Structure formats: structure tokens, C-alpha cells
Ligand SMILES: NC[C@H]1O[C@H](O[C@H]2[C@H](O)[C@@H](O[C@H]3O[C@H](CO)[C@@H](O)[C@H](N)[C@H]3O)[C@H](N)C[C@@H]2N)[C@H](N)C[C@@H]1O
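Coming up is one lone chain in C-alpha cells, specifically the form deposited without the ligand.
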């Protein structure tokens, strides 16, 4: 992985945008893909930590542009883009800064019922438009067919762990993957554009108006199961819980809440395997060891 100096961030922008004067530059945060710089308190520029990170950023840019102005909550607008090299699909992208603070579970529970209800409706209306976006232009690099993902993960687990597990333990991996595969409820969705990292850290809130003012981080958006954007909100400790998320489901007019719960339980167990794969794909060796240890003693 790579980090950046303030000097580098500014030379990279100066090369392609020589008339853009940078007065203030600060780290605003960090994901798995990119380090984020706040520029002139007006822009957030993402710089890729690695090539995989690049690819997501290139994806994020193309998605931001395709969905510009079609959705009922503010989203970053792409203003500045970098260049491809032998290492990055995109050296950086600068987007408009959306002001506000993450809508943490804590922050949401403290609001009056009226603003809570309103945040539940604003989220439903947001997803409902997001999931309605025409997919016809999105190529396979943005399509994430879940059956293929589960089959592809299975092969990665096996390539990665074949020398790391015993007999009975790989058998349990097999049994788990065979049961997932058997269950038709995971694969029979109408594919569509999903945020795919749809959690409280990516929901920005205006505490002066008590209203959600932005959705951010589109680096994982893909064409996949719209239930993914409800289940990423349901996680009980880190996220909103089922009361609040059921309000989103009902404002969204979701027809099959029980299926949503079922997908959530599956994804809860699946996390261990995700941790191994993400482990080696994004560099995180702590994730890898935790997931391994969990499969070892599940």
C-alpha cells in the first residue's frame, strides 16, 4: 500500500489543473480503497492506496457521472479526474464536498421521532430511485451476479486455504457453500444498481435542519441484489437495527421482508469467508487470520 504527502497530492493536481489554486489541504479520512483529502473546504479528492483501490475509484467516478442529478438526496459530483498509469486506472478524483456528519445510530436515536421518521422515508426514497436506475449501459465489471460471486469465492477459498485446513474443516466449508448454493432465495433477485456500502458512515446528516444531506462513497456500487442496501443497515451493534430499518422497508414498499432477514443471517455467517478473501485481496493480514481462526473453530 501507498500513502501520499501533501506536496504529492498538490503536484498531481497541479499537473492536470494548473489554474486551480489550492489554499487548504487536509486528510478528511481513509477507506480501504483511498485516502481522502479535503481541498479548499470545497472538494474531496480521493487518492488510491493501491491498484485494486484505483479500479474502485474509476468505477466510483463512472457511477457518479451516470447517476448525476437523478436521485433525491445530494451526492458527490465529479469535478476533477486523474489519469491512468501502469499502476492505477485513475490516479485521483476530486468530487464536491457534501457537508454534514455521519448519521450514527447514536445520533439517530437522539433525534425527535419526527426527524427519525423523516430520515427513514428519505432513505427509502433514495434507495427506491437508486434501484430504479437503468442498468443497460453497465458492463460486466459492474455486474455482480451473486451466484457467480459465491462460486468464485468458493474457488478462491479453496485455492487460498487448501494447505491451511484439515479434512473435516474443508468439509465444513464445502457443506456451507453447498447449502448457500441450494437456497434459491439468494439468487432470484432483479439485478439493479445498488450502493453496496450502504451504512451509517456513508449517510451524511445536517444537524441544523435535522435532515439527511448526502450519500457518499460509491466505490462498491454494482449491479446486484437491492436487498444488499437494507442488510448493510441492519447490523445490530455498528448499525441501525431492525425497528428503524423496517420503517425504510415499508416506506420503500418492500414486498418480502422475511427474505431480507434471511439474506442478513446468511451474510452474517458469510463474513468469515469474506474476511479471508478480502484479507489477501486488499492486504489486510489481520482479517485473514481472524477469518481463518473462525473457520478453524466455527
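Positions refer to the first chain, counted from 1.
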query	finding
Given 130 to 138 and 117 to 125, the range whose Cα B-factors average higher in the PDB entry	130 to 138
Between 106 to 114 and 207 to 215 (mean CA B-factor, as deposited), the higher	106 to 114
Residue of maximum C-alpha B factor among 32, 51, 62, 40, per deposited coordinates	32
Residue 176, C-alpha B-factor rank within chain (lowest, middle or highest third)	middle
For residue 152, the third of its chain into which the C-alpha B factor falls	highest
Residue 196, C-alpha B-factor rank within chain (lowest, middle or highest third)	lowest
Ranked C-alpha temperature factor of residue 99 among modelled chain residues, by third	highest
CA B-factor placement of residue 221, once the chain's modelled residues are sorted into thirds	lowest
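There is also a form deposited with the ligand bound; it is not shown, and the following applies to it.
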{"item": "Touches the ligand in the deposited complex: residue 164 (any heavy atom, 4.5 Å)", "value": "no"}
{"item": "Partner contact for residue 235 in the deposited complex: the ligand, 4.5 angstroms, heavy atom", "value": "yes"}
{"item": "Touches the ligand in the deposited complex: residue 89 (any heavy atom, 4.5 Å)", "value": "no"}
{"item": "4.5 Å heavy atom contact, residue 131 to the ligand in the deposited complex", "value": "no"}
{"item": "Check all three, 32, 220 and 239, heavy atom within 4.5 Å of the ligand in the deposited complex", "value": "yes"}
{"item": "Sole residue of 224, 154, 199, 115 within 4.5 Å of the ligand in the deposited complex, by heavy atom", "value": "199"}
